[PDB]
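These notes are about the structure you will find just below.
In what follows, every chain begins at residue 1, and chains take the letters A, B, ... in the order their sequences are listed. Keep in mind that the numbers below use all heavy atoms, side chains included, and drop hydrogens, waters and symmetry copies.
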Amino acid sequence: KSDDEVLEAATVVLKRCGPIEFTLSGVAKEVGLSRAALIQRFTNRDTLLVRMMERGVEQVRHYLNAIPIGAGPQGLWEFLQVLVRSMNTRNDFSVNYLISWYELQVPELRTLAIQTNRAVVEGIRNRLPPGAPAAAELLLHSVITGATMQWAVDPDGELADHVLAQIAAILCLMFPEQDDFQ
Amino acid sequence: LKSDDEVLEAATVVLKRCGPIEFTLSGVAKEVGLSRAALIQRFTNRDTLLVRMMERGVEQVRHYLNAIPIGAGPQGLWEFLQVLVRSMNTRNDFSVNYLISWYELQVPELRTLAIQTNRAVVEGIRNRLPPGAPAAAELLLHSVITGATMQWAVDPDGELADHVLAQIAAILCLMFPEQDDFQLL
Ligand SMILES: CC[C@H]1OC(=O)[C@H](C)[C@@H](O[C@H]2C[C@@](C)(OC)[C@@H](O)[C@H](C)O2)[C@H](C)[C@@H](O[C@@H]2O[C@H](C)C[C@H](N(C)C)[C@H]2O)[C@](C)(OC)C[C@@H](C)C(=O)[C@H](C)[C@@H](O)[C@]1(C)O
Ligand SMILES: CC[C@H]1OC(=O)[C@H](C)[C@@H](O[C@H]2C[C@@](C)(OC)[C@@H](O)[C@H](C)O2)[C@H](C)[C@@H](O[C@@H]2O[C@H](C)C[C@H](N(C)C)[C@H]2O)[C@](C)(OC)C[C@@H](C)C(=O)[C@H](C)[C@@H](O)[C@]1(C)O
C-alpha cells in the first residue's frame with residue numbers, strides 16, 4: 001500500500017464519517033492497515049487531513065487541465081457542463097458542507113480550502129473567451145457554488161440540472177451575441 | 001419575567017455562540033435567566049426549542065424582507081439587494097452559519113424549515129424584480145449572493161458586502177443593459 005492509496009482510502013472515510021468522527025482507526029480498517037502504521041506514516045489525523053487536502057488541490061488542477069477546450073462561449077459552456085455534472089450525488093452530498101466548515105476552522109486546512117477554490121476559479125478564468133466581463137470567473141464560480149448549496153438545502157431533480165439551468169441563464173447574459181445555451 | 005419570544009432570542013444568541021451541536025437548554029437557561037426545568041416545561045427539550053427557533057426565523061425573514069424600502073425598476077432591485085447583502089454582519093458569529101445550515105439538513109423537521117427559509121429569501125427577491133426581468137432571475141441572484149458569500153467566507157479579502165455586491169452589480173448590468181450604471185449607494 002502506497003501513501004497515495006491510503007490518502008484515497010482516507011477520502012472515502014472522510015465522506016462517510018465526516019470530519020468530526022474522522023480518525024486514524026477508521027482509515028486503517030478501510031485501507032486494511034494498523035493505527036501504529038498510520039501514526040508512523042502520517043503522525044496524527046490532523047496531518048493526514050492536511051496531506052489529503054494537498055493531494056486534493058493537485059487533483060483539482062489535474063482534472064481541470066484534462067477537460068477539452070472548445071471554441072468560444074460554447075466551449076466555456078461545454079467546460080462548465082462537465083465540471084458541474086462531475087459532482088456525484090449518489091450518496092449524501094450534505095456531508096461536504098460539514099467538511100468545508102470544519103476545514104475553515106483549522107488554519108492549515110483553511111489555506112488548502114483557499115487553494116482548492118482558487119484552482120477552480122483559475123481553471124474557469126483560463127477558459128474564458130475574449131470579451132468576457134472582468135472577473136467573470138468569480139461570478140461563474142459563485143453561481144456554481146450558490147446554486148449547488150441551493151439544491152443541497154432544497155433538492156428538486158438532479159443537482160446538475162438545477163445548477164446548469166442557471167449557468168445557461170448567466171452565459172446567455174454574458175454573451176448575448178450568441179444563439180443560446182442548451 | 002421572560003416571555004417565550006425573549007427565550008427564543010436568547011436561545012439564538014446561544015446557537016450563534018456555541019453552534020447547534022453544543023447548544024443545550026442549560027446554556028439557554030443561563031443566557032435568558034430561567035431554570036432549565038422552566039424551559040423544559042415550556043419547550044419540552046433542546047430539539048423542540050430549535051424547531052420553534054427556526055419557525056420564528058421563517059416569519060422574521062419574511063417580515064424583514066417585506067420591510068426593506070420598496071423602489072421602482074432595476075434601481076429598486078439594486079437598492080433592495082444592497083440592503084439584503086449588507087445585513088450580514090461578518091463580525092457577529094458568521095462562520096457558524098454554515099454549521100447551523102449543515103445541522104439543519106440532518107434533522108427532517110429542521111430541514112423543512114431551512115427550505116422554507118431559503119424559499120422566503122428567493123421569493124422576497126422575486127417580489128422586487130422589475131417587469132421585464134429574465135425568468136428565474138430570482139434564483140440566479142440568490143445563487144450569486146449565496147455563492148459569492150461562501151466564496152468570501154473561504155477566501156476573504158476586504159469586506160463581504162463589497163465582494164458580493166461587486167458581482168451583483170456585474171450581473172445586474174448584464175440583466176438590464178438599457179440601465180445606466182449600478183453604483184454603490
Ligand atoms: C462544499 C461545497 C463544494 O463541494 C465540494 O467541495 C465537493 C465535495 C468537491 O469534492 C471534494 C472532495 C473530493 C474527494 O472530490 C470528490 C476532492 O477531490 C475535491 C478536491 O473536493 C467536488 C466534487 C469537486 O469536484 C471533484 O473534484 C475532484 C478533483 C475530481 C472529481 N471527479 C473525479 C472529476 C470532481 O467531481 C469540485 C472541484 O469542488 C472542489 C467541484 C467544483 C464544481 C467546485 O469547485 C464546487 C463549486 C464546490 O466547491 C462546492 C460544490 O461548492
Ligand atoms: C449557510 C449560509 C447562509 O446562512 C444562513 O442561511 C444562516 C444559517 C441564516 O440564519 C438562519 C438561522 C437563524 C436561527 O438565524 C441565525 C434564523 O433566524 C434565520 C432565519 O436563518 C442567516 C443568518 C439569515 O440571516 C438572519 O436572518 C434573520 C431574519 C435575522 C438575523 N439577524 C437578527 C440579523 C440574520 O442573521 C439569512 C436570512 O439567511 C437565511 C441571511 C440572508 C442574507 C441569506 O439568505 C444568506 C444568503 C444566507 O442564506 C447564507 C449566508 O447563504
Side-chain angles (χ1 to χ4, degrees), chain A residues 18-20 92-105 109-121 132-155 162-176, chain B residues 19-21 94-107 110-122 133-157 163-164 166-177:
Chain A
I20 304 304
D92 171 55
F93 187 87
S94 73
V95 67
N96 300 317
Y97 291 98
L98 180 60
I99 292 167
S100 176
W101 170 87
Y102 177 94
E103 287 167 358
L104 303 179
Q105 319 305 310
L109 299 180
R110 203 269 185 81
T111 290
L112 295 164
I114 287 166
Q115 293 186 17
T116 303
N117 278 16
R118 291 184 194 179
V120 177
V121 171
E137 65 275 19
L138 283 178
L139 185 51
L140 290 164
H141 180 260
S142 284
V143 170
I144 299 172
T145 303
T148 297
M149 173 166 274
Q150 225 182 49
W151 175 95
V153 169
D154 187 4
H162 185 84
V163 173
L164 288 174
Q166 294 180 38
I167 293 294
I170 188 171
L171 287 180
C172 190
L173 304 182
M174 279 189 179
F175 307 99
Chain B
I21 293 166
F94 181 70
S95 175
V96 74
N97 289 328
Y98 293 94
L99 180 61
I100 291 173
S101 177
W102 169 84
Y103 185 92
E104 284 186 296
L105 304 187
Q106 312 308 303
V107 180
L110 291 180
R111 172 173 213 188
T112 293
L113 296 168
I115 293 171
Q116 294 181 24
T117 299
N118 273 13
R119 287 184 188 175
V121 178
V122 171
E138 67 276 9
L139 289 167
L140 185 54
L141 292 165
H142 182 260
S143 289
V144 173
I145 299 177
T146 300
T149 294
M150 185 186 335
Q151 192 184 77
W152 181 91
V154 171
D155 189 7
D157 69 291
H163 182 83
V164 175
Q167 297 182 32
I168 295 292
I171 195 174
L172 287 180
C173 185
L174 298 174
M175 275 194 185
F176 307 99

| A:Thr145 and B:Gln151 side chains, donor-acceptor separation under 3.5 Å |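 Absent: no donor and acceptor within the cut-off.
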| Considering only heavy atoms, which portion of B:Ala136 lies under 4.5 Å from any heavy atom of chain A: side chain, backbone, both, or neither? |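 No part of B:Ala136 comes within 4.5 Å of chain A.
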| message | Using heavy-atom distances under 4.5 Å, tell me whether B:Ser101 contacts chain A through its side chain, its backbone, both, or neither. | response |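 Interface part for B:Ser101: side chain.
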| CG/A:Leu173 to CD1/B:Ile171 distance, rounded to the nearest 0.5 angstrom? |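 Spacing of CG (A:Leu173) from CD1 (B:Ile171) equals 6.5 Å.
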| task | Report the distance from atom CG of B:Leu139 to atom NE2 of A:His162, rounding to the nearest 0.5 Å. | result |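 It comes to 5.5 Å.
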If you take all heavy atoms of [X] and [Y], which pair is closest and at what distance?
{"X": "B:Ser95", "Y": "A:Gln105", "result": "OG-NE2, 3.0 Å"}
{"X": "B:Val96", "Y": "A:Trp101", "result": "CA-NE1, 4.5 Å"}
{"X": "B:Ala153", "Y": "A:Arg110", "result": "O-NH2, 3.1 Å"}

| Of B:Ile115, B:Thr117, B:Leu105, B:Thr112, the residue whose pairing with A:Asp154 passes side-chain contact (heavy atoms from CB on, under 4.5 Å) |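 Running side-chain contact (heavy atoms from CB on, under 4.5 Å) over B:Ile115, B:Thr117, B:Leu105, B:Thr112 with A:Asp154 returns exactly one hit, B:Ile115.
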| query | Pick from A:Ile20, A:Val143, A:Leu98: which one has the most heavy-atom pairs with chain B under 4.5 Å? | reply |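 The answer is A:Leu98.
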